[PDB]
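> PDB, C-alpha atoms, saved as final-v5.pdb, coming up:
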```pdb
ATOM      1  CA  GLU A 114       5.503   1.702  55.822
ATOM      2  CA  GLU A 115       2.922   3.518  53.744
ATOM      3  CA  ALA A 116       5.557   4.461  51.140
ATOM      4  CA  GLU A 117       6.542   0.814  50.976
ATOM      5  CA  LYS A 118       2.904  -0.158  50.696
ATOM      6  CA  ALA A 119       2.783   2.476  47.971
ATOM      7  CA  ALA A 120       5.950   1.052  46.517
ATOM      8  CA  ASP A 121       4.135  -2.226  46.429
ATOM      9  CA  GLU A 122       0.914  -0.722  45.104
ATOM     10  CA  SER A 123       2.618   1.406  42.466
ATOM     11  CA  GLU A 124       4.941  -1.504  41.631
ATOM     12  CA  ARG A 125       2.157  -4.074  41.781
ATOM     13  CA  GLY A 126       0.132  -1.582  39.838
ATOM     14  CA  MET A 127       2.975  -1.247  37.368
ATOM     15  CA  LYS A 128       3.154  -5.057  37.131
ATOM     16  CA  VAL A 129      -0.674  -5.405  36.881
ATOM     17  CA  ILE A 130      -0.612  -2.699  34.294
ATOM     18  CA  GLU A 131       2.378  -4.241  32.581
ATOM     19  CA  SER A 132       0.396  -7.447  32.592
ATOM     20  CA  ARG A 133      -2.671  -5.568  31.375
ATOM     21  CA  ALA A 134      -0.636  -3.508  28.994
ATOM     22  CA  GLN A 135       0.804  -6.740  27.682
ATOM     23  CA  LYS A 136      -2.614  -8.313  27.442
ATOM     24  CA  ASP A 137      -3.844  -5.240  25.630
ATOM     25  CA  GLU A 138      -0.660  -5.049  23.550
ATOM     26  CA  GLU A 139      -1.061  -8.643  22.536
ATOM     27  CA  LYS A 140      -4.728  -8.091  21.901
ATOM     28  CA  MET A 141      -3.690  -5.019  19.957
ATOM     29  CA  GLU A 142      -1.216  -6.967  17.848
ATOM     30  CA  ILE A 143      -3.465 -10.000  17.709
ATOM     31  CA  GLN A 144      -6.383  -7.908  16.582
ATOM     32  CA  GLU A 145      -4.086  -5.922  14.267
ATOM     33  CA  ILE A 146      -2.597  -9.009  12.645
ATOM     34  CA  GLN A 147      -6.005 -10.602  12.608
ATOM     35  CA  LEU A 148      -7.411  -7.303  11.335
ATOM     36  CA  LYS A 149      -5.063  -7.403   8.456
ATOM     37  CA  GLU A 150      -6.221 -10.947   7.924
ATOM     38  CA  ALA A 151      -9.917 -10.003   8.449
ATOM     39  CA  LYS A 152      -9.342  -7.254   5.900
ATOM     40  CA  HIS A 153      -7.692  -9.785   3.641
ATOM     41  CA  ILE A 154     -10.646 -12.066   4.208
ATOM     42  CA  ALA A 155     -12.850  -9.107   3.359
ATOM     43  CA  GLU A 156     -10.710  -8.578   0.287
ATOM     44  CA  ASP A 157     -10.990 -12.292  -0.423
ATOM     45  CA  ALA A 158     -14.651 -12.365   0.552
ATOM     46  CA  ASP A 159     -15.215  -9.452  -1.754
ATOM     47  CA  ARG A 160     -12.849 -11.073  -4.220
ATOM     48  CA  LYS A 161     -14.760 -14.359  -4.277
ATOM     49  CA  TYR A 162     -17.912 -12.296  -4.301
ATOM     50  CA  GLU A 163     -16.656 -10.489  -7.337
ATOM     51  CA  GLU A 164     -15.594 -13.669  -9.039
ATOM     52  CA  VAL A 165     -19.000 -15.241  -8.528
ATOM     53  CA  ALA A 166     -20.903 -11.946  -8.948
ATOM     54  CA  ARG A 167     -18.947 -11.301 -12.069
ATOM     55  CA  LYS A 168     -19.877 -14.765 -13.231
ATOM     56  CA  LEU A 169     -23.401 -13.811 -12.329
ATOM     57  CA  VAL A 170     -22.961 -10.711 -14.507
TER      58      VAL A 170
ATOM     59  CA  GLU B 114      12.530   8.680  49.931
ATOM     60  CA  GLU B 115      13.644   5.325  48.525
ATOM     61  CA  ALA B 116      10.247   3.708  49.182
ATOM     62  CA  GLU B 117       8.352   6.706  48.010
ATOM     63  CA  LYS B 118      10.693   7.030  45.072
ATOM     64  CA  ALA B 119      10.155   3.379  44.374
ATOM     65  CA  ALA B 120       6.469   4.161  44.450
ATOM     66  CA  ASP B 121       6.933   7.341  42.383
ATOM     67  CA  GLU B 122       9.191   5.755  39.821
ATOM     68  CA  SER B 123       7.105   2.614  39.663
ATOM     69  CA  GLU B 124       4.086   4.893  39.443
ATOM     70  CA  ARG B 125       5.763   6.709  36.517
ATOM     71  CA  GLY B 126       6.625   3.326  35.119
ATOM     72  CA  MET B 127       2.957   2.521  35.550
ATOM     73  CA  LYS B 128       1.901   5.845  34.003
ATOM     74  CA  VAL B 129       3.882   5.073  30.912
ATOM     75  CA  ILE B 130       2.744   1.477  30.728
ATOM     76  CA  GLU B 131      -0.785   2.475  31.792
ATOM     77  CA  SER B 132      -0.749   5.044  29.068
ATOM     78  CA  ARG B 133       0.596   2.239  26.936
ATOM     79  CA  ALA B 134      -2.127  -0.061  28.144
ATOM     80  CA  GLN B 135      -4.551   2.721  27.300
ATOM     81  CA  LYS B 136      -3.032   3.201  23.865
ATOM     82  CA  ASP B 137      -2.934  -0.529  23.325
ATOM     83  CA  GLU B 138      -6.386  -0.862  24.815
ATOM     84  CA  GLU B 139      -7.721   1.817  22.560
ATOM     85  CA  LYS B 140      -5.886   0.403  19.653
ATOM     86  CA  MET B 141      -7.012  -3.152  20.353
ATOM     87  CA  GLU B 142     -10.573  -1.901  20.696
ATOM     88  CA  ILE B 143     -10.156  -0.046  17.469
ATOM     89  CA  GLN B 144      -8.557  -3.012  15.792
ATOM     90  CA  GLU B 145     -11.155  -5.290  17.362
ATOM     91  CA  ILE B 146     -13.999  -3.137  16.160
ATOM     92  CA  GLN B 147     -12.299  -2.854  12.820
ATOM     93  CA  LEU B 148     -11.730  -6.598  12.904
ATOM     94  CA  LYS B 149     -15.308  -7.149  13.682
ATOM     95  CA  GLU B 150     -16.192  -4.907  10.812
ATOM     96  CA  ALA B 151     -13.580  -6.271   8.441
ATOM     97  CA  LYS B 152     -14.848  -9.645   9.418
ATOM     98  CA  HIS B 153     -18.453  -8.436   9.152
ATOM     99  CA  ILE B 154     -17.544  -7.053   5.777
ATOM    100  CA  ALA B 155     -16.013 -10.375   4.984
ATOM    101  CA  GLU B 156     -19.090 -12.095   6.331
ATOM    102  CA  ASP B 157     -21.283  -9.681   4.479
ATOM    103  CA  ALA B 158     -19.164 -10.199   1.416
ATOM    104  CA  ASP B 159     -19.419 -13.957   2.052
ATOM    105  CA  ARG B 160     -23.156 -13.509   2.500
ATOM    106  CA  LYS B 161     -23.168 -11.571  -0.724
ATOM    107  CA  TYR B 162     -21.015 -14.308  -2.208
ATOM    108  CA  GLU B 163     -23.686 -16.766  -1.228
ATOM    109  CA  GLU B 164     -26.473 -14.439  -2.319
ATOM    110  CA  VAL B 165     -24.729 -14.122  -5.663
ATOM    111  CA  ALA B 166     -23.598 -17.750  -5.693
ATOM    112  CA  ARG B 167     -27.143 -18.978  -5.252
ATOM    113  CA  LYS B 168     -28.285 -16.261  -7.603
ATOM    114  CA  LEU B 169     -25.442 -17.303  -9.861
ATOM    115  CA  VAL B 170     -27.084 -20.671  -9.854
TER     116      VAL B 170
ATOM    117  CA  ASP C   2       9.339  -1.259 -14.279
ATOM    118  CA  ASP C   3       9.648   1.099 -17.210
ATOM    119  CA  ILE C   4       8.492   4.097 -15.234
ATOM    120  CA  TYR C   5      10.025   2.555 -12.131
ATOM    121  CA  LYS C   6      13.514   1.753 -13.389
ATOM    122  CA  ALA C   7      13.617   5.016 -15.334
ATOM    123  CA  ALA C   8      12.850   6.617 -11.975
ATOM    124  CA  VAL C   9      15.528   4.884  -9.927
ATOM    125  CA  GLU C  10      17.920   6.249 -12.522
ATOM    126  CA  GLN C  11      17.495   9.742 -11.136
ATOM    127  CA  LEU C  12      17.812   9.798  -7.387
ATOM    128  CA  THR C  13      21.300   9.052  -6.240
ATOM    129  CA  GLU C  14      23.021   6.507  -4.049
ATOM    130  CA  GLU C  15      22.172   8.206  -0.792
ATOM    131  CA  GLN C  16      18.459   8.375  -1.587
ATOM    132  CA  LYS C  17      18.668   4.645  -2.181
ATOM    133  CA  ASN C  18      20.482   4.128   1.128
ATOM    134  CA  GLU C  19      18.074   6.194   3.201
ATOM    135  CA  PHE C  20      15.024   4.354   1.983
ATOM    136  CA  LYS C  21      16.721   0.962   2.338
ATOM    137  CA  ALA C  22      17.203   1.732   6.010
ATOM    138  CA  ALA C  23      13.703   3.226   5.982
ATOM    139  CA  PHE C  24      12.526  -0.238   5.094
ATOM    140  CA  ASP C  25      14.833  -1.952   7.575
ATOM    141  CA  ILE C  26      12.831  -0.037  10.173
ATOM    142  CA  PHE C  27       9.622   0.085   8.147
ATOM    143  CA  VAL C  28       9.725  -3.524   9.287
ATOM    144  CA  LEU C  29      10.035  -2.376  12.889
ATOM    145  CA  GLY C  30       6.917  -4.361  13.580
ATOM    146  CA  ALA C  31       6.638  -5.890  10.085
ATOM    147  CA  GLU C  32       3.769  -8.001   8.726
ATOM    148  CA  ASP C  33       4.336 -10.160   5.641
ATOM    149  CA  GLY C  34       7.901  -9.896   4.295
ATOM    150  CA  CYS C  35       6.019  -7.379   2.372
ATOM    151  CA  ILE C  36       4.307  -4.823   4.616
ATOM    152  CA  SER C  37       0.711  -5.485   5.425
ATOM    153  CA  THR C  38      -1.219  -2.807   7.207
ATOM    154  CA  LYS C  39       0.456  -2.761  10.631
ATOM    155  CA  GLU C  40       3.853  -1.266   9.747
ATOM    156  CA  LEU C  41       2.380   0.956   7.061
ATOM    157  CA  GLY C  42      -0.055   2.327   9.595
ATOM    158  CA  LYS C  43       2.644   2.350  12.264
ATOM    159  CA  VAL C  44       4.904   4.641  10.282
ATOM    160  CA  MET C  45       1.931   6.715   9.133
ATOM    161  CA  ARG C  46       0.266   7.370  12.496
ATOM    162  CA  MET C  47       3.716   8.189  13.805
ATOM    163  CA  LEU C  48       2.879  11.177  11.608
ATOM    164  CA  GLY C  49      -0.714  10.727  10.438
ATOM    165  CA  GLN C  50      -0.735   9.468   6.862
ATOM    166  CA  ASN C  51      -3.742   7.523   5.636
ATOM    167  CA  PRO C  52      -3.246   4.274   3.729
ATOM    168  CA  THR C  53      -6.001   1.689   4.213
ATOM    169  CA  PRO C  54      -5.734  -2.108   4.424
ATOM    170  CA  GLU C  55      -8.187  -2.385   1.561
ATOM    171  CA  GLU C  56      -6.522  -0.039  -0.900
ATOM    172  CA  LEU C  57      -3.206  -1.087   0.585
ATOM    173  CA  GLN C  58      -3.764  -4.598  -0.700
ATOM    174  CA  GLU C  59      -5.373  -3.226  -3.873
ATOM    175  CA  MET C  60      -2.592  -0.913  -5.036
ATOM    176  CA  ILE C  61      -0.569  -3.983  -4.136
ATOM    177  CA  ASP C  62      -2.726  -5.950  -6.566
ATOM    178  CA  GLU C  63      -2.025  -3.132  -8.975
ATOM    179  CA  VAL C  64       1.650  -3.952  -8.504
ATOM    180  CA  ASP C  65       2.078  -7.319  -6.847
ATOM    181  CA  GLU C  66       2.462  -9.075 -10.142
ATOM    182  CA  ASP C  67       6.024  -9.428  -8.924
ATOM    183  CA  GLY C  68       4.664 -11.752  -6.306
ATOM    184  CA  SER C  69       5.086  -9.349  -3.452
ATOM    185  CA  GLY C  70       1.428 -10.020  -2.769
ATOM    186  CA  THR C  71       1.424  -7.214  -0.234
ATOM    187  CA  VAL C  72       3.375  -4.023   0.358
ATOM    188  CA  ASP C  73       6.947  -5.143  -0.044
ATOM    189  CA  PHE C  74       9.824  -2.700   0.389
ATOM    190  CA  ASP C  75       9.078  -1.982  -3.258
ATOM    191  CA  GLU C  76       5.474  -1.138  -2.424
ATOM    192  CA  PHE C  77       6.627   0.839   0.618
ATOM    193  CA  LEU C  78       8.671   3.019  -1.685
ATOM    194  CA  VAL C  79       6.082   3.268  -4.444
ATOM    195  CA  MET C  80       3.774   4.484  -1.712
ATOM    196  CA  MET C  81       6.504   6.926  -0.714
ATOM    197  CA  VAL C  82       6.633   8.203  -4.276
ATOM    198  CA  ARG C  83       2.839   8.100  -4.524
ATOM    199  CA  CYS C  84       2.816  11.307  -2.453
ATOM    200  CA  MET C  85       5.550  13.719  -3.551
ATOM    201  CA  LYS C  86       4.245  16.400  -5.893
ATOM    202  CA  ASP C  87       6.421  15.997  -8.995
ATOM    203  CA  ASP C  88       4.459  15.588 -12.314
ATOM    204  CA  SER C  89       1.553  13.886 -14.108
ATOM    205  CA  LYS C  90      -1.364  14.590 -16.417
ATOM    206  CA  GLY C  91      -0.787  13.732 -19.965
ATOM    207  CA  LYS C  92       0.764  15.775 -22.815
ATOM    208  CA  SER C  93      -2.036  17.389 -24.802
ATOM    209  CA  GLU C  94      -4.740  15.182 -26.250
ATOM    210  CA  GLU C  95      -4.386  17.530 -29.188
ATOM    211  CA  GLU C  96      -0.665  16.899 -29.085
ATOM    212  CA  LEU C  97      -1.488  13.229 -28.593
ATOM    213  CA  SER C  98      -3.873  13.256 -31.526
ATOM    214  CA  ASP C  99      -0.968  14.520 -33.586
ATOM    215  CA  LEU C 100       1.216  11.805 -32.087
ATOM    216  CA  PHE C 101      -1.238   9.056 -32.870
ATOM    217  CA  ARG C 102      -1.575  10.694 -36.270
ATOM    218  CA  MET C 103       2.110  10.357 -36.992
ATOM    219  CA  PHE C 104       1.894   6.831 -35.702
ATOM    220  CA  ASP C 105      -0.985   6.901 -38.178
ATOM    221  CA  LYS C 106       1.540   7.618 -40.908
ATOM    222  CA  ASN C 107      -0.947   5.878 -43.188
ATOM    223  CA  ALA C 108      -3.285   8.850 -42.595
ATOM    224  CA  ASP C 109      -6.039   6.507 -41.480
ATOM    225  CA  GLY C 110      -7.083   6.353 -37.887
ATOM    226  CA  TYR C 111      -5.836   2.796 -37.601
ATOM    227  CA  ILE C 112      -2.247   1.721 -36.969
ATOM    228  CA  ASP C 113      -0.698  -1.725 -36.880
ATOM    229  CA  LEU C 114       2.455  -2.389 -34.880
ATOM    230  CA  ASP C 115       4.344  -1.981 -38.133
ATOM    231  CA  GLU C 116       4.274   1.743 -38.854
ATOM    232  CA  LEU C 117       4.240   2.121 -35.087
ATOM    233  CA  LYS C 118       7.523   0.230 -34.801
ATOM    234  CA  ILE C 119       8.583   2.395 -37.715
ATOM    235  CA  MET C 120       7.803   5.456 -35.665
ATOM    236  CA  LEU C 121      10.024   3.648 -33.183
ATOM    237  CA  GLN C 122      12.827   3.262 -35.698
ATOM    238  CA  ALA C 123      12.220   6.960 -36.232
ATOM    239  CA  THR C 124      12.983   7.199 -32.531
ATOM    240  CA  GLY C 125      16.113   5.191 -33.270
ATOM    241  CA  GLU C 126      17.387   4.786 -29.713
ATOM    242  CA  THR C 127      18.114   1.261 -28.515
ATOM    243  CA  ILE C 128      14.882  -0.451 -29.545
ATOM    244  CA  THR C 129      13.273  -3.012 -27.243
ATOM    245  CA  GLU C 130      10.929  -5.509 -28.832
ATOM    246  CA  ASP C 131       9.200  -7.297 -26.000
ATOM    247  CA  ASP C 132       8.028  -3.896 -24.941
ATOM    248  CA  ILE C 133       7.062  -3.210 -28.551
ATOM    249  CA  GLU C 134       4.565  -6.048 -28.642
ATOM    250  CA  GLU C 135       3.602  -5.134 -25.099
ATOM    251  CA  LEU C 136       2.797  -1.649 -26.372
ATOM    252  CA  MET C 137       0.802  -3.178 -29.216
ATOM    253  CA  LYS C 138      -1.311  -4.898 -26.586
ATOM    254  CA  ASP C 139      -1.454  -1.688 -24.542
ATOM    255  CA  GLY C 140      -2.845   0.228 -27.470
ATOM    256  CA  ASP C 141      -4.864  -2.458 -29.202
ATOM    257  CA  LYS C 142      -7.142  -3.209 -26.318
ATOM    258  CA  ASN C 143      -9.409  -3.277 -29.332
ATOM    259  CA  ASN C 144      -7.011  -6.122 -30.144
ATOM    260  CA  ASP C 145      -7.666  -5.702 -33.855
ATOM    261  CA  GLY C 146      -3.961  -5.774 -34.723
ATOM    262  CA  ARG C 147      -4.487  -2.172 -35.763
ATOM    263  CA  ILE C 148      -4.734   0.708 -33.327
ATOM    264  CA  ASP C 149      -6.981   3.792 -33.132
ATOM    265  CA  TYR C 150      -6.291   7.098 -31.353
ATOM    266  CA  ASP C 151      -7.549   6.079 -27.916
ATOM    267  CA  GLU C 152      -5.764   2.787 -28.341
ATOM    268  CA  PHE C 153      -2.613   4.822 -29.038
ATOM    269  CA  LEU C 154      -3.456   6.552 -25.773
ATOM    270  CA  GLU C 155      -3.635   3.158 -24.049
ATOM    271  CA  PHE C 156      -0.276   2.634 -25.789
ATOM    272  CA  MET C 157       1.631   5.720 -24.621
ATOM    273  CA  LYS C 158       1.072   5.656 -20.859
ATOM    274  CA  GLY C 159       3.113   7.978 -18.651
ATOM    275  CA  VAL C 160       4.868   9.506 -21.629
ATOM    276  CA  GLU C 161       6.254  12.931 -22.459
TER     277      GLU C 161
ATOM    278  CA  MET D 155      10.241  15.950   5.975
ATOM    279  CA  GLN D 156      11.463  18.800   8.126
ATOM    280  CA  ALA D 157       9.572  18.150  11.358
ATOM    281  CA  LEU D 158      10.837  14.601  11.587
ATOM    282  CA  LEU D 159      14.089  14.601   9.627
ATOM    283  CA  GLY D 160      15.928  17.734  10.723
ATOM    284  CA  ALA D 161      19.166  19.042   9.250
ATOM    285  CA  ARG D 162      20.166  15.493   8.333
ATOM    286  CA  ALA D 163      18.132  15.980   5.150
ATOM    287  CA  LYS D 164      20.821  17.369   2.849
ATOM    288  CA  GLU D 165      21.050  15.251  -0.339
ATOM    289  CA  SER D 166      18.751  12.339   0.419
TER     290      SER D 166
END
```
For the structure just supplied, provide its representation as structure tokens.

Amino acid sequence: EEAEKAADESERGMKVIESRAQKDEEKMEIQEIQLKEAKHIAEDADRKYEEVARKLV
Amino acid sequence: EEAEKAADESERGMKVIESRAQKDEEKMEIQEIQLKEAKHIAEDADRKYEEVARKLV
Amino acid sequence: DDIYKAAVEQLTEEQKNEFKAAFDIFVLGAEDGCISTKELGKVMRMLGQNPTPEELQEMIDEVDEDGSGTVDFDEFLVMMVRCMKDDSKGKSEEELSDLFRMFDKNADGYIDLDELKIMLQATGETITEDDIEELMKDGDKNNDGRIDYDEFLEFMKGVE
Amino acid sequence: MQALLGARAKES
């Protein structure tokens, strides 16, 4: 009974973790894809900065 | 043994996906922090854009 | 392309095949048809190499005149080649002063594309002309239609 | 090259 409760806790755990792992994996990929975009915005933000700053110059 | 093995195997499943959640969690935190900074860089670069755009004016 | 096509000349079919597949899985988690930072980093941290989103996209800008826009399979491989220790660093500036100087057939210090293209006829091999005027522009960043020594330098990039 | 390509690295 305890092993089955453990089967359920280690399996539920695995599923909770798979759910968490998936939430974190999606957040990982979401933040990674969005990081690439945030970096591209920084490149663009720096790019527009340079275009206007260069005009300033 | 089957119940305990279910727990043990699901626990190993969990260890791998927990380690994955941890890797994904660390990576999403890294990517999130990096996103925040890439975005803060972008925001800073956008602030600089505006500082230089108003100074361009 | 000049450097790049001249390069692909050397390494053989199987090199080509291995990096084609290396792209087919360099997109194992791809980003932009090109490769934005995720796959680049993926493959690198699988080992530990260090390309950064910023300079990723910049060396792209250095090369994405093709319209890759980001690290395409092309940029993946130019990154690949951007690491192997093979050769660089510019036949002697004294040598190059001589080389300019013979481009400076006129014995001046200023060379139009004419005696330069005549140096080229002196090279004889199948003469391209687009790339001739391109090289005029390369050199004459002074843009004065005539080219000085450092312009000649700007004109003979990556050359033995 | 070695540590992650093994003896497969022969010509390419």
> Select residues of chain C: the criterion is any atom within 7 Å of an atom of chain A, counting all atoms listed in the file; output as a count of residues only.
5
> Exactly which residues make up the result of the PyMOL selection byres ((chain C) within 12 of (chain D)) on this file, given as a list in words?
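Applied to this file, the PyMOL selection byres ((chain C) within 12 of (chain D)) selects residues 11, 12, 13, 14, 15, 16, 17, 18, 19, 20, 21, 23, 44, 47, 48, 81 and 85 of chain C.
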> Could you take the residues named above and write them with C-alpha atoms, as a CSV table (one decimal), keeping the file's coordinate frame?

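The resulting out37.csv:
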```csv
chain,number,residue,atom,x,y,z
C,11,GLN,CA,17.5,9.7,-11.1
C,12,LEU,CA,17.8,9.8,-7.4
C,13,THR,CA,21.3,9.1,-6.2
C,14,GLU,CA,23.0,6.5,-4.0
C,15,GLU,CA,22.2,8.2,-0.8
C,16,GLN,CA,18.5,8.4,-1.6
C,17,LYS,CA,18.7,4.6,-2.2
C,18,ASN,CA,20.5,4.1,1.1
C,19,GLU,CA,18.1,6.2,3.2
C,20,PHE,CA,15.0,4.4,2.0
C,21,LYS,CA,16.7,1.0,2.3
C,23,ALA,CA,13.7,3.2,6.0
C,44,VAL,CA,4.9,4.6,10.3
C,47,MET,CA,3.7,8.2,13.8
C,48,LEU,CA,2.9,11.2,11.6
C,81,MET,CA,6.5,6.9,-0.7
C,85,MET,CA,5.6,13.7,-3.6
```
> Expand the PyMOL selection byres ((chain C and resi 104-119) around 6) into the individual residues it matches in the shown file, reporting them as a ChimeraX atom specification.
/C:101-103,120-122,137,146-149
> Taking every C-alpha atom in sequence order, what RMSD do you get when chain B is least-squares fitted onto chain A?
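With chain B fitted onto chain A, the C-alpha RMSD reads 1.7 Å.
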> Identify all residues satisfying the PyMOL selection byres ((chain A and resi 125-138) around 12) in the given file; provide them as a VMD selection string.
(chain A and resid 117 to 124 139 to 146) or (chain B and resid 119 to 145)
> Would you mind reading off the distance between CA of residue 62 (chain C) and CA of residue 157 (chain C), one decimal, in Å?
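It comes out at 21.9 Å.
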> Between CA of residue 157 (chain A) and CA of residue 77 (chain C), what distance in Å does the model show, to one decimal?
22.0 Å
> For CA of residue 159 (chain B) and CA of residue 61 (chain C), quote the distance in Å rounded to one decimal.
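Calculated distance between CA of residue 159 (chain B) and CA of residue 61 (chain C) is 22.2 Å.
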> Report as an MDAnalysis selection string all protein, DNA and RNA residues lying within 9 Å of residue 98 (chain C), evaluated on all atoms listed in the file, omitting residues in the same chain fewer than 4 positions from it.
chainID C and resid 93:94 102:103 150:151 153:154
> Rank C:40, C:2, C:139, C:25 by their smallest atom-to-atom distance to residue 64 (chain C), using all atoms listed in the file, and report the top residue only.
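The answer is C:2, which sits nearest to residue 64 (chain C).
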> Let me have the centre and edge lengths in Å, one decimal, of the box along x, y and z around every listed atom of region 128-146 of chain B with 4 Å of margin on each side, as lines of an AutoDock Vina configuration file.

```
center_x = -5.1
center_y = 0.3
center_z = 24.9
size_x = 25.9
size_y = 19.1
size_z = 26.2
```
> Skipping near chain neighbours, those fewer than 5 positions away, what residues fall within 6 Å of residue 140 (chain C) using all atoms listed in the file, listed as a PDB file with C-alpha atoms, in the frame of the given file?

```pdb
ATOM      1  CA  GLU C 152      -5.764   2.787 -28.341  1.00  0.00           C
ATOM      2  CA  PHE C 153      -2.613   4.822 -29.038  1.00  0.00           C
ATOM      3  CA  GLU C 155      -3.635   3.158 -24.049  1.00  0.00           C
ATOM      4  CA  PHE C 156      -0.276   2.634 -25.789  1.00  0.00           C
TER       5      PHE C 156
END
```
> Using the partial input, fill out region 117-131 of chain B with N, CA, C and O atoms; write the result as an mmCIF file, keeping the file's coordinate frame.

```cif
data_model
loop_
_atom_site.group_PDB
_atom_site.id
_atom_site.type_symbol
_atom_site.label_atom_id
_atom_site.label_comp_id
_atom_site.auth_asym_id
_atom_site.auth_seq_id
_atom_site.Cartn_x
_atom_site.Cartn_y
_atom_site.Cartn_z
ATOM 1 N N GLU B 117 9.249 5.804 48.660
ATOM 2 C CA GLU B 117 8.352 6.706 48.010
ATOM 3 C C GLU B 117 8.827 6.875 46.605
ATOM 4 O O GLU B 117 8.010 7.002 45.709
ATOM 5 N N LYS B 118 10.143 6.892 46.396
ATOM 6 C CA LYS B 118 10.693 7.030 45.072
ATOM 7 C C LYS B 118 10.415 5.743 44.350
ATOM 8 O O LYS B 118 10.164 5.749 43.161
ATOM 9 N N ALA B 119 10.486 4.608 45.044
ATOM 10 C CA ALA B 119 10.155 3.379 44.374
ATOM 11 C C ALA B 119 8.715 3.464 43.947
ATOM 12 O O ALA B 119 8.384 3.111 42.825
ATOM 13 N N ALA B 120 7.857 4.013 44.807
ATOM 14 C CA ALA B 120 6.469 4.161 44.450
ATOM 15 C C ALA B 120 6.285 5.149 43.323
ATOM 16 O O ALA B 120 5.510 4.898 42.422
ATOM 17 N N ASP B 121 7.034 6.246 43.339
ATOM 18 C CA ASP B 121 6.933 7.341 42.383
ATOM 19 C C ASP B 121 7.475 6.927 41.034
ATOM 20 O O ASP B 121 6.902 7.261 39.996
ATOM 21 N N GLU B 122 8.584 6.212 41.038
ATOM 22 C CA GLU B 122 9.191 5.755 39.821
ATOM 23 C C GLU B 122 8.402 4.605 39.264
ATOM 24 O O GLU B 122 8.215 4.532 38.053
ATOM 25 N N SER B 123 7.911 3.709 40.129
ATOM 26 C CA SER B 123 7.105 2.614 39.663
ATOM 27 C C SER B 123 5.783 3.168 39.224
ATOM 28 O O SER B 123 5.199 2.641 38.290
ATOM 29 N N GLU B 124 5.324 4.263 39.850
ATOM 30 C CA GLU B 124 4.086 4.893 39.443
ATOM 31 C C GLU B 124 4.319 5.529 38.083
ATOM 32 O O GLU B 124 3.466 5.414 37.233
ATOM 33 N N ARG B 125 5.471 6.176 37.846
ATOM 34 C CA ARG B 125 5.763 6.709 36.517
ATOM 35 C C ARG B 125 5.903 5.604 35.516
ATOM 36 O O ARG B 125 5.505 5.762 34.364
ATOM 37 N N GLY B 126 6.474 4.485 35.950
ATOM 38 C CA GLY B 126 6.625 3.326 35.119
ATOM 39 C C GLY B 126 5.233 2.961 34.702
ATOM 40 O O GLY B 126 4.960 2.854 33.511
ATOM 41 N N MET B 127 4.349 2.842 35.701
ATOM 42 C CA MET B 127 2.957 2.521 35.550
ATOM 43 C C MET B 127 2.277 3.549 34.674
ATOM 44 O O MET B 127 1.503 3.172 33.829
ATOM 45 N N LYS B 128 2.556 4.843 34.828
ATOM 46 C CA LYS B 128 1.901 5.845 34.003
ATOM 47 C C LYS B 128 2.235 5.633 32.560
ATOM 48 O O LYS B 128 1.359 5.726 31.701
ATOM 49 N N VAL B 129 3.486 5.310 32.278
ATOM 50 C CA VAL B 129 3.882 5.073 30.912
ATOM 51 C C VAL B 129 3.268 3.794 30.396
ATOM 52 O O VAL B 129 2.733 3.777 29.291
ATOM 53 N N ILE B 130 3.326 2.723 31.175
ATOM 54 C CA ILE B 130 2.744 1.477 30.728
ATOM 55 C C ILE B 130 1.231 1.465 30.858
ATOM 56 O O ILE B 130 0.578 0.640 30.246
ATOM 57 N N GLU B 131 0.658 2.337 31.685
ATOM 58 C CA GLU B 131 -0.785 2.475 31.792
ATOM 59 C C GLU B 131 -1.234 3.254 30.617
ATOM 60 O O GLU B 131 -2.284 2.952 30.065
#
```
